[PDB]
């Protein structure tokens, strides 16, 4: 795929092969209050029952028809999180495997629908970020002990399995390595070099995707600058920062444009906005972790409430008003046009149990998500 010269238009399959509480709360809640991440979920259930419940979800959550709907929506890419444990749980891990059979199907189904797949190693041994979505929330132990070597071992098998397919256009080293949370950048760059070498052992045609580690994406200038070969992944969200979450719709749109002009256009590499969304609040149930509240309504970090989370926590955008859907679409269109100034975009996420603004499958049916660059209800922003 020509990342240097063509626009990525994608969606993530979040919550599928790496489960997250906010994406599928029912599954976590069926295992009780202490099931707060895939680690704890699988530990609580035990191996046999975890395999049963998680495999039921792997099978039901995604079909070929999902991929066809993605292609019908004007997409060309699907980013697919997978955890290291899919390639072999480590000694003592509670995790169960079996995801690879489903990722095999996704590659087939994506190909059939004309889509490329970006495989994303989303969770590393020890946790590269302390997020629930790494598998295990609550400390960063990646880079301790043998965790990096174990990450490369899993990455190698992942690359070996998939990079023979032209459907698999790109592979991401690790999702959201958390530099400000204590991931060492120099060591991260060494892991990035090793990942590049693994990719080139199997298929030098495949692009290597590197997260910016929460640093400004342009700070990565002069590292592995190689045209289409090496693509930066930056994640752009407006509900995890006090300044952004306080904004009205116009200010949100301006901040999207500023981000594109000051950061995306400042990078010496292709840059995908590999996660972004339609929501402007952090109201979705469990978004900040199961058992944590929301900035928006004052129930996180002693933030001062801006509004209530009564409408935006759960459900489907049909529950909202025409004006609320309209503003949501305005924010989405601005992001599409801003992010296509650089190399494109990959929405988070395809499907949820009802998280207003976060669920592309919902937003498409509701007429909120555009289906082409020409599908614009509002003037072009940025």
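Positions refer to the first chain, counted from 1.
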- Looking only at CA atoms, which has the higher mean B factor in the entry: 152-160 or 307-315? 307-315
- Query: Mean CA B-factor: is it higher for 227-235 or for 243-251?
  - Reply: 243-251
- Message: Quiz for you: based on the deposited Cα B-factor, which of 133, 127, 219, 281 is highest?
- Response: 219
- Residue selected from 209, 271, 90, 82 by maximal Cα B factor: 90
- Compare the C-alpha B factor of residue 112 with those of the other modelled residues in its chain, then answer lowest, middle or highest third. highest
- Message: Is residue 286 in the lowest, middle or highest third of its chain when residues are ranked by C-alpha B-factor?
- Response: middle
- Sorting the chain's CA B-factors, does residue 373 end up in the lowest, middle or highest third? highest
- Message: Taking only the Cα B-factors deposited for this chain, tell me whether residue 177 sits in the lowest, middle or highest third.
- Response: lowest
- Task: Please rank the C-alpha B-factors of the chain's modelled residues and tell me whether residue 256 sits in the lowest, middle or highest third.
- Result: highest
